[PDB]
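Single chain ahead, written as structure tokens, the form deposited in one PDB entry.
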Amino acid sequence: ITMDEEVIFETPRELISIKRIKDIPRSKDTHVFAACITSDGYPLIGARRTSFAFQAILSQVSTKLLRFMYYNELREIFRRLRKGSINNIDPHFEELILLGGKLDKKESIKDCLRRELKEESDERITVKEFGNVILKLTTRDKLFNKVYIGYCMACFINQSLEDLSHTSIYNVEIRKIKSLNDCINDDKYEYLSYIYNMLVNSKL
């Protein structure tokens, strides 16, 4: 990816634009993401603890939304839609997110990522080296028309994929950490692949 050129991806749920930028704006708190590459060369992705569809429903059922929730969330909704409800369609859905979190503008991007990666990983991830390229990710969700922005950098970590296979049940942020290639059927797979490919190629 070249400085300030933008690439656009569409999924059934989102329109996302990905653009290389020089500096993250520091007028407000922002969100920063890590494209994390394990020591054995696998790209990592997190499964968000709560799905975006369920969070949207809570903050406000369309059946397109029932295709994009976790099964425990669905059971909570169906217990209310059907009286003696004992099961419902399970879409085998996971809400894929890059690891990372909030950057106020006290801290460097690097200290922020080290901290958030260690909290989201139950203190297992440590960063061997960072990349130098920052990508701005702008998503517009199609169902609720909300716009969300975050900034992504490469993190080459010390741990192997296998090191990160289990995640504590008390992890408030993510249900698990996995390889992105274990998510090929997810509708975010194309643009997440692009992010990793661009950040790794820039590193090389």
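For clarity, a rigid core is taken as the largest C-alpha set superposing within 1.5 Å between two forms. All residue numbers are counted from 1 along the displayed sequence.
The same protein also exists as the form deposited in another entry; that form is not shown, yet it is the one meant from here on.
A.B. asks: Quick check for you: superpose on the rigid core, then look between this form and the one not shown for a C-alpha move of 2 Å or more. Which of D90, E129, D111, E123 is it?
C.D. replies: Shifted by 2 Å or more: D90 only.
A.B. asks: So with the core overlaid, does the Cα of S27 end up 2 Å or more away between this form and the one not shown?
C.D. replies: Indeed, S27 is displaced by 2 Å or more.
A.B. asks: Once the core is superposed between this form and the one not shown, does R80 show a C-alpha displacement of at least 2 Å?
C.D. replies: Shift of 2 Å or more: yes.
A.B. asks: Is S168 one of the residues whose C-alpha moves 2 Å or more between this form and the one not shown after the core fit?
C.D. replies: Result for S168: yes, a 2 Å-plus shift.
A.B. asks: Considering a change of 3 Å or more, are the Cα atoms of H166 and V172 closer or farther in that other deposited form than here?
C.D. replies: The answer is farther, because the C-alphas of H166 and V172 separate from each other in that other deposited form by 3 Å or more.
A.B. asks: Specify closer or farther for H166 and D122: how their Cα atoms are spaced in that other deposited form versus the shown form, given a shift of 3 angstroms or more.
C.D. replies: Relative to the displayed form, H166 and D122 move farther apart in that other deposited form - a change of at least 3 Å between their C-alphas.
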